[PDB]
């Protein structure tokens, strides 16, 4: 069990981390983003959290940019009402860390490199995915040019 707090309201974890019900309620988490196609929404039937599923796979062809804006608003929703958000996928946190890094670029105004350094400092194990890196690099281009 290990929920990594990126921001006071934004938490990063894997499949096993999302199953620790006691820790999630201790940290005042009320929102969960599940970035998998096959994993269940843990503790859904208990009616404690608001869920959002980004149906993605951990492949070199998966497009995560399409899920960026939807995830940012769910995070803002958790932020604007004083609750924490947990975003998770599987062991390598490749998918979920990509979304978190994207959020830090758009809203916290950090650069792509600095955002990775920020998350990597708090979450030491992140599996590599050149496809997601390319999408984050292309995403930084659009932010600097005023396209998104």
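Positions refer to the first chain, counted from 1. Take the two forms, superpose them, and find the largest set of C-alpha atoms that agree within 1.5 Å; that set is the rigid core.
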Of 87 to 95 and 114 to 122, the one with the larger RMS C-alpha deviation from the shown form in 4 other deposited structures of this protein, core-superposed, is 87 to 95
Rigid core fitted first, then name the stretch among 123 to 131 and 19 to 27 whose C-alphas deviate most from the displayed form in 4 other deposited structures of this protein. 123 to 131
Per the PDB record, is the mean Cα temperature factor higher over 15 to 23 or over 133 to 141? 15 to 23
Test of understanding: from the entry's C-alpha B-factors, which stretch has the higher mean, 106 to 114 or 32 to 40? 106 to 114
Residue with highest C-alpha B-factor in the PDB entry, from 65, 53, 46, 88: 46
Quick tally, chain-level thirds of C-alpha B-factors: residue 123 sits in the middle
For residue 93, does the deposited CA B-factor place it in the lowest, middle or highest third of the chain? middle
